[PDB]
Amino acid sequence: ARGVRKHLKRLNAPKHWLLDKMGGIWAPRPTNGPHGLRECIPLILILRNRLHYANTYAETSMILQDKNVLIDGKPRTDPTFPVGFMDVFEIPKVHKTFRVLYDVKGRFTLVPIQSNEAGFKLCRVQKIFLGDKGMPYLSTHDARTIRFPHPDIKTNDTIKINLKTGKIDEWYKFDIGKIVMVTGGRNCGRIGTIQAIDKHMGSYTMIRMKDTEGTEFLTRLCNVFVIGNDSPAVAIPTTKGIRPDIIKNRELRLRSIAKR
Amino acid sequence: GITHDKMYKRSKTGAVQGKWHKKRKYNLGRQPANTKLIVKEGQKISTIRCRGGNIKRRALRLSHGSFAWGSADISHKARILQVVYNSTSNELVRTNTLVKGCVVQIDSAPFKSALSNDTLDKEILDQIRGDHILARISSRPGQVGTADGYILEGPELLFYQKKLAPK
Amino acid sequence: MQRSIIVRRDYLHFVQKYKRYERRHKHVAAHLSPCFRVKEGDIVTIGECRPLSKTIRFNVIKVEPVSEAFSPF
Amino acid sequence: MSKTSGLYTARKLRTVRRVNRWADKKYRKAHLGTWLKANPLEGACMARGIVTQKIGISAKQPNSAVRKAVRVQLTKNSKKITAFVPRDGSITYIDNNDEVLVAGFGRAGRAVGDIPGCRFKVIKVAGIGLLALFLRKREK
Amino acid sequence: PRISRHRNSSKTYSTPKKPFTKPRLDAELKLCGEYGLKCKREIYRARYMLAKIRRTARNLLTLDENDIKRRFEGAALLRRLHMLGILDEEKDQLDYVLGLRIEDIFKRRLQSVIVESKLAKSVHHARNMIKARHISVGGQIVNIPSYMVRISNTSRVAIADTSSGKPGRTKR
RNA sequence: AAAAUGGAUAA
RNA sequence: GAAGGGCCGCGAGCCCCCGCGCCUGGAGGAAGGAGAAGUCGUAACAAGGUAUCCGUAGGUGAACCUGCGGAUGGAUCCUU
RNA sequence: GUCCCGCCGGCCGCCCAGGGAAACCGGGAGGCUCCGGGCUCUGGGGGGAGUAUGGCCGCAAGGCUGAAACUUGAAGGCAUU
RNA sequence: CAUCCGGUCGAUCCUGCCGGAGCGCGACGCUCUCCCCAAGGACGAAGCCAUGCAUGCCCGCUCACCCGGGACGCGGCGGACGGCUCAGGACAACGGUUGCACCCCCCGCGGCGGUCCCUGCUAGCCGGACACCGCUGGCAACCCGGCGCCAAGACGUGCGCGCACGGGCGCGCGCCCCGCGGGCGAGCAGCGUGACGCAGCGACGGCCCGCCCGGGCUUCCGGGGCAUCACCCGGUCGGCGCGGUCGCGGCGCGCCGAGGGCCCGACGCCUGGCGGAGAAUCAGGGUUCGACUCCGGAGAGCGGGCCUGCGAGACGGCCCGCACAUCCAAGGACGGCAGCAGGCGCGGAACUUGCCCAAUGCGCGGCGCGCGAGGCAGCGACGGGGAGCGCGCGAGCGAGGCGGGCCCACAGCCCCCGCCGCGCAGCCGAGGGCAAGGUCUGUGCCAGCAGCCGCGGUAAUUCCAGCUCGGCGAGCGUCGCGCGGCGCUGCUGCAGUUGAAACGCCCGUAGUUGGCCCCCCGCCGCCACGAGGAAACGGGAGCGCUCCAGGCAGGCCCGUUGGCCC
RNA sequence: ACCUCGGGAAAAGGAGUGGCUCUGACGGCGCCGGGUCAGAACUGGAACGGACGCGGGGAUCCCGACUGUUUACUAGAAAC
């Protein structure tokens, strides 16, 4: 190991991005940036593999360094920059205005949203700390280090980062009665409502979550994320967190070939 | 060299564990920085590069420390006149090491400026009119490179004086 | 020992090739300060601590007694 | 009695089979490792040798025939082994001080049938196949 | 190192547990005659598949009845058989799967369904025809007779788009 | 009371 | 503040001293296993010509023999 | 009356089931492939082999623990002629 | 996915093993018509290596003797990742689980952004030297010397705003316990105030805090054998300082106390010991394998020792000792393929000193390079898949040639369309198991065969031929190994009267096992369900690579997919 | 190693040893012996049992068990 790991092997690469096992022992590197390796998708994956856009990785890079692409209100010409939950992946030149959210399956896919809802990127406060001297601070998962937080926000709270404005104006709590999108483990990407929140000393706090139809999901407090008090604050992927069961998935797919 | 890793040490039942790795920079140690007083050459303190870009001030020699009173909090820059009773080792105090935790005599003259008040720690006030005040060094010269001490007061003054009273 | 207390944590191990279980024990080490008075044969809860020694990594935060004249607790 | 019928007798039960298992002859030859050292062929499928002298071993009394054999010196571990030249008229091809390949007789080292003192076969003489020099496919 | 090595490639042969029983072996010549199969391997290929198809059902037939896992896994197997055509739209059930036999599986092959239409002649001529590419479902002159034309495309089965302009017999 | 032996190999 | 030194540490290497593991040369001594049809007796299986055999001690070319206690796996399921 | 029926602890003979390759046990060697009350020892084809060595115990004689290389297709149980 | 069968006899029932039978995966022999998916010097030599390559990229700087871009230097960033092996390591590595209130962390991400005064003073921007080079030098070489010119986003000082502040230092909870938040489950943390240090930050304001990616440890457990290893350990076990470290800890180092571990196998030795996810083989229960593909570990001839750094005790870095070599002008000098290709040795065993970034990554560069990571080609019956070697009585083809097309980094192959046209079988058996001659010559218990029983002594069902025939088939035999067979290991599920085997018996501590009873609670064990744990891999839904072994594709499609259970 | 389990044994094989300067231990009864012990400095051409006194050691073989006794004045042995 000596120093730091510099390459990524595709077979090790995650099941959520889903890369073609064939076509390269190596995979694009989830290079350092705003979102974590477990919870991020490389932009070159969301350029080449996702929209089947530009052809090769070299070709993708030429457009990237021509300053043709925009991520989260800034352009960022890094080729495999991290794209995460709520990261507003949109191109003004293509006029494709989208946002990146988790599917019921667990792979974040592009959910289209316009400038009105692309102005603000939603996020959660994980840690409040006293940093840069006695200035209290607030940290979001995409490493958005806002400074002095609002008095109402404690922790597990939600921040509307304003992208180019880059300030917190809207604060939503995690207390029971706020619609919560799960982002971890098995449910990994379906909306619901908090039936209850239960804590144990120095142990994962378990938050009960049941979907609008029914069906329970009991993810731990860290993964739980408050998308809105009621309804999406920006948009919901067209699944609404239904989670169609295993036979149901076959039902949807079988007619899909028939439509052609 | 000078390793701090556990592979070399014996296990719990005293069974020797076979070595599985050559030594590595992550676990390292250096010839200790014994800190020599300059009672008999200005204070010179080497700066040693460390893991993490941080730096440690190696105390080859030190002569002056900041010592603070136990009630009036005078805190006066002074001179370490001499060193006594290291407790970890008698010889360290005989070679004038200033290892932290050692009783040191500090010059009464800078801290005598506080002699005007009365009811102010009478046992040490007597020691303030006496050419030396005992104080225990409270920072590590080997890592910090700067030694500051607190005035000897309370029951500790009694024990450390009891220790130095046969003389 | 000096401000120390060696504890036997005993558990049963379910081997499957033979559906039967084994009987195994771990000798663990903890720090007891004069706060708690104990005897060999007493039940104590030990919490994990910053390595306090080569083997003492635990602290006694609870103590219960036993009649003055293998239990998997 | 297998007994040891105790929920808490798994330790005893695990060892009792491990200890008694070695008794089984097939397991004992298999994992004692005594044979991995003893095998002249070293457990290899085949091993090279230099011919030392052609020898005739009379077969078992029920089947009276002069089996023809060659004493070969293993190149790897310098062991003097006796191999049986196979088929009919094969000895005429074999020459003294000539390299040879030797492989097992297929009973797992034991002698096969009536050859006294022979446990190995001669697959190749001087590189060229013994079968080939017998089927004529490759001659001397 | 090398993406090549990450390929899952196995073996379809289901060689017998006992290799020399004449009752079974002679029937092999008989089935070989029935469908014109070239090698014992060419029977072995569908021998594995046939037993496996029955084996998966024999698990789900004794499986909890009307179970969600059974329904999803049974749906797949039955559907496979309805489109291929080994099972039927009347049977439509796990129970009918066990009856299938290797030769009944061979029925869907292009050496067998071409024979039922009689487009390519006896199984002897028929195997010759696919190798010569004079028969195809259409647009893919099939070289390989193993093509198991599915029931949907059995009606779609056809003579080659181009059959025999300078025919070989009269070429010179 | 004293009595030892019988090749090999198939039949 | 270079070449150097003094002193500790970390520590190769070489030598000695012992321990261990691992294989191995060797007169000669003693076995064991396999050589189509050697010599000497016949011990044992029929009460196998002195019922066999266990123990233990002594003898003898060799099987074997004898003492003293045992078993029947005996040649006796049977007798004031 | 040293009767009769026995009640328990043994000593034994025949044996109903039932078991086993059978001889035969049956107060078990029965209640097992319709297999599971508990604890302990001990074996894994026949020779080499209780041999070699390493112990240990013994005055010795020897005892207890205990190999491998190597060989061979039978060795062996109860029965019937 | 639960199966047997040849064999001890005049025969019989056993016990019990020898022999086949299948599957894997390797060596070997004879052979092989095209395609397709292809592993490939792991195997008591982690032995030794000739030769060539495997990390260079930039341009901040140009007064290089062609243009404002540069050759080179210097500056910058990465060289620590990637590639290779598997020696060591046997309570270690390693899987799951924990904690850091004991830590460190390049790059990217977002936030912060006063730096005191003598300061020091010029910020209209300061200081001198510094390679390449000019000229002159030394050796056989490697190799550097001197003088002068001198180049910068390099250094070196320094523009600096008393809520000045790098690190570190004293005083700043309570009073039987908790029940608010910058906090947490926990007194953790911030910040003031007094002294120090004047410290990091700038001559193209970045020091910092968070975040990422990780490393350093660490918890609870799992984590080879051997008793022909039973006693073991001596900073070892604790406390108390003090050093040291990125930090905690006998991590060292004083002083003190006598601990620590074991028949629930301690300690010692041994191993052709990397471990896991995984394989193989297979009713169930399993059993063997875990060199290689991903994940973690450890090594670069062998021991050490260190530097540049955010990270290396690094060997395509250095410095030594040891061996092992070279080169030499004899004074000197310089190594190290367990990278790739290819030697040499060794073995039964394992391929071309090919080409090329075009992909897929990664470094560096925004104005394309760099890559023996790879991609491709060659070798390649480890193997695996799919068609052949005719069909039909008359209809045709294809292995090839031959030109295109396409593919292609470039050839090629695949695949297409013409034109033509060479279809093409071997290995093993035939008394029995076990499928398949009551045929014929040879030869005489010779030769040979025969896994096992057996055959051969002048009628050979068995050898040497020929003839037929059977097996499988471009493969088939022969060995070595594991698994099933084998209730021949017995937990399910062994046997001990005589086949092999109850110790002569008793006492007995380890263990191991234990009546009955007492609804309605704690700690168990447990019982069920969860949550969170890497994909590959196993399975598994769909999707005609022409079938297929395959694959994540594809199509005018669920936000089309690619799920899902592990 | 061997062993009559005592021996072998001082086995073999190593390391240290001066002067000065200090410091802990050891008792009686608050004052008072003692000279043995551990330490720890600092120092002297790299020197310390500095003269003295004062084993070389190991592997076997052959006698005789041994401690003893003997030919005063040539044999001290395996002889008695």
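Residues numbered from 1 in each chain as written, not as in the entry; some residues may be left out. Chains lettered and ligands numbered in written order. Part of a larger assembly, values for the part shown. Heavy atoms only, no water.

Within the PDB entry, the label attached to chain C reads Ribosomal protein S11, and the organism entered is Giardia intestinalis. The title given for this PDB entry is "Giardia Ribosome in PRE-T Classical State (C)".

The PDB entry lists chain B under the name 40S ribosomal protein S8, from Giardia intestinalis. According to the UniProt record, the Sequence similarities (unreviewed entry) comment for chain B reads "Belongs to the eukaryotic ribosomal protein eS8 family." (UniProt positions renumbered as here; feature names shortened; annotations may be inferred.)

Colleague: Hey, could you run me through the overall build of chain C in this one?
Modeller: Across its full length, chain C holds zero helices and four strands. Put simply, chain C runs from its N terminus to its C terminus through helices and strands in the order β-β-β-β. A compact globule built from 73 residues should have a C-alpha radius of gyration of about 11 Å, whereas chain C, at 15 Å, is more than 25% larger. Taking the principal axes of its C-alpha atoms as reference, chain C extends roughly 45 × 35 × 20 Å. Evaluated residue by residue, chain C yields a buried proportion of 23% over its 73 residues. Surface summary for chain C: the accessible area is close to 5,700 Å², and the carbon and sulfur share equals 55%. Averaged over its 15 positive side-chain charges, chain C has a centre that lies 8 Å from the centre of its 7 negative ones. (Helix = DSSP H or I, 4+ residues; strand = E, 2+ residues; numbered from the N terminus. Rg over C-alpha atoms; globule rule 2.2 N^0.38 Å. Buried < 20%, exposed > 50% of the residue type's maximum accessible area, 1.4 Å probe, protein only. Areas by Shrake-Rupley, 256 points an atom, 1.4 Å probe, with all protein chains shown as cover. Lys, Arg positive; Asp, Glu negative; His and termini not counted. Charge placed at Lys NZ, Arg CZ, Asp CG, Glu CD.)

Colleague: Explain a positive patch on the surface to me, please; I cannot follow it from the model alone.
Modeller: A cluster of basic side chains, namely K25, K26, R28, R107 and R110 of chain D, defines a positive patch on the protein surface. As for its position among the elements, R107 of chain D is in the loop between strand 4 (99-104) and strand 5 (120-125). (Patch = residues over 30% accessible without salt bridge, like charges linked within 9 Å, V, L, I, M, F, W, Y side chains within 5 Å. Salt bridge = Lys/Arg side-chain N within 4 Å of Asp/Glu carboxyl O.)

Colleague: Explanation requested: the arrangement of the chains in the structure shown.
Modeller: In this assembly, three pairs of chains are in contact, and the pair contributing the most contacts is chains A and E. The two units chain A and chain D never meet; even their closest C-alpha atoms stay 33 Å apart. In this assembly chain C lies apart from chain E, the nearest approach of their C-alpha atoms being 25 Å. (Contact = heavy atoms within 4.5 Å.)

Colleague: Help me understand the sheet that holds strand 14 (residues 203-210) of chain A in this model?
Modeller: Two modes of strand pairing occur in sheets, parallel and antiparallel, and in both the strands are linked by backbone hydrogen bonds. Residues and elements named next belong to chain A. Spatially, 13-14-15 is the arrangement adopted by the three strands of the open sheet, whose pairing is antiparallel. Edge strands, defined here as strands with exactly one partner in the open sheet, are strand 13 (193-200) and strand 15 (216-217). In this structure, strand 13 lies alongside strand 14, joined through five bridges in antiparallel fashion. Following the sheet pairing, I194 is matched in strand 14 by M209. (Pairing = 2+ DSSP bridges.)

Colleague: Just checking my understanding: could you explain unusual backbone geometry for this structure?
Modeller: Note: most residues except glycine have negative phi, and most peptide bonds are trans. Positive phi, normally seen in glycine, also occurs at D73 of chain B, with a value near 55 degrees. Inspection of the secondary structure puts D73 of chain B in the loop between strand 5 (66-68) and strand 6 (76-77). By relative accessible area, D73 of chain B is classed as exposed at 55%. The phi dihedral of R87 of chain D falls on the positive side, at around 65 degrees, and the residue is not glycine. Relative to the elements of secondary structure, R87 of chain D occurs in the loop between strand 3 (80-84) and strand 4.

Colleague: Help me out: how do you make sense of the pairing of strand 1 (residues 5-14) of chain C in this one?
Modeller: A regular strand places its side chains on the two faces of the sheet in alternate fashion. Taken together, the ten bridges between strand 1 of chain C and strand 2 (residues 21-31) of chain C define a ladder with antiparallel strand orientation. The partner of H13 of chain C across the bridge, within strand 2 of chain C, is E22 of chain C.

Colleague: Whenever I open this one, the side chain of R10 of chain A confuses me. Can you help?
Modeller: Residues and elements named next belong to chain A. Structurally, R10 can be placed in the segment before strand 1 (41-42). A polar side-chain atom of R10 sits 3.0 Å from the main-chain carbonyl oxygen of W26. In this view, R10 contacts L19, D20, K21, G23, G24, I25, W26 and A27; residues no more than four positions away in its chain are not counted. (Polar contact = N/O pair within 3.5 Å; in protein donor to acceptor, adjacent residues only side chain to side chain.)

Colleague: Please clarify how the protein's contact with RNA strand H should be interpreted in this entry.
Modeller: Residue and element names in this part refer to chain D. Around RNA strand H sit 20 residues, and of these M1, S5, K12, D24 and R110 come closest. Sugar and phosphate atoms constitute 60% of the interface atoms of RNA strand H, taking the interface as everything within 4 Å of the protein. Between RNA strand H and the protein, one listed contact pairs a phosphate oxygen with a backbone N or O atom of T4 at 3.3 Å. One of the side-chain nitrogen or oxygen atoms of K12 is found 3.0 Å away from a phosphate oxygen of RNA strand H. Secondary structure elements with two or more residues in the surface near RNA strand H: helix 1 (10-21), helix 2 (25-32) and helix 3 (34-38). Partitioning the surface near RNA strand H into residue classes produces five nonpolar, six polar and nine charged. (Near = heavy atom within 4 Å. Nonpolar A, V, L, I, M, F, W, Y, C, P; charged D, E, K, R; others polar.)

Colleague: Please explain the pattern of salt bridges as it appears in this structure.
Modeller: Pairing between side chains of opposite charge can happen when the charged atoms of each approach one another. Throughout the structure, instances matching the rule amount to 26 salt bridges over all chains. Close ionic contact of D20 of chain A with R10 of chain A constitutes a salt bridge, the shortest N to O distance being 3.3 Å. You can see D20 of chain A sitting in the segment before strand 1 and its partner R10 of chain A sitting in the segment before strand 1, a full ten residues away along the chain. Overall, the relative accessible area of 39% leaves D20 of chain A in the partly exposed class. Classification of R10 of chain A as buried rests on a relative accessible area of 13%. Two residues, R8 of chain C and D10 of chain C, come together in a salt bridge whose shortest N-O distance is 2.9 Å.

Colleague: Any chance you could explain the nonpolar core here in plain terms?
Modeller: In a soluble, globular protein the nonpolar side chains are often hidden away together inside. Of all hydrophobic cores here, the largest spans 50 residues; its most connected members are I41, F85, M86 and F89 of chain A. Elements supplying a minimum of two residues to this core: helix 1 (43-50), strand 5 (98-102), strand 6 (108-112), strand 7 (121-131), strand 10 (157-161), strand 12 (179-181) and strand 16 (225-228) of chain A. The element best represented in this core is helix 1 of chain A, accounting for five residues. Contacts of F85 of chain A, omitting those with residues within four sequence positions, involve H35, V100, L101, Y102, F108, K121, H141, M181, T183 and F225 of chain A. Residues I80, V83, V93 and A147 of chain B belong to the second largest nonpolar core, which totals 23 residues. (Core = buried A, V, L, I, M, F, W, Y, C linked by side-chain atoms within 4.5 Å.)

Colleague: Is there a simple way to think about the packing of aromatic side chains in this case?
Modeller: Two descriptors summarise a pair of aromatic rings, namely the distance from one centre to the other and the angle between the planes of the rings. All names here are of chain A. Throughout the structure, instances matching the rule amount to 13 aromatic pairs over all chains. Centre to centre, the rings of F85 and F225 are 5.3 Å apart; their planes meet at 85 degrees, and the pair counts as edge-to-face. In this pair, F85 sits in the loop between strand 3 (82-83) and strand 4 (89-90) while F225 sits in strand 16, placing the two residues 140 residues apart along the sequence. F225 matches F85 in its accessibility class, with the two residues each being buried. Between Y102 and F108 the ring centres are 3.8 Å apart and the planes differ by 15 degrees, which places this aromatic pair in the stacked class. For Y102, a relative accessible area of 6% puts it in the buried group. Overall, the relative accessible area of 5% leaves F108 in the buried class. (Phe/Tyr/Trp six-rings, centres within 6.5 Å; stacked < 30°, edge-to-face > 60°.)

Colleague: I tried to follow the side chain of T82 of chain D on my own but got confused; where do I start?
Modeller: Mapped onto the elements, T82 of chain D comes out in strand 3. With residues near it in sequence (within four places) discarded, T82 of chain D still touches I55, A69, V70, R71, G117, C118, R119 and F120 of chain D.

Colleague: Please explain the layout of surface pockets as it appears in this structure.
Modeller: Over the atoms, a rolled probe matching the size of one water molecule traces out where space is still vacant. Its volume calculated, the second largest pocket comes out at about 640 Å³. Split into classes, the residues belonging to the lining of the second largest pocket amount to nine nonpolar, eight polar and six charged. (1 Å grid on protein atoms, 1.4 Å probe; cavity = no way out; pocket = protein on both sides within 12 Å on 5 of 7 lines; lining within 4 Å. Points joined across faces, edges and corners; volume = space filled by probe spheres on them.)

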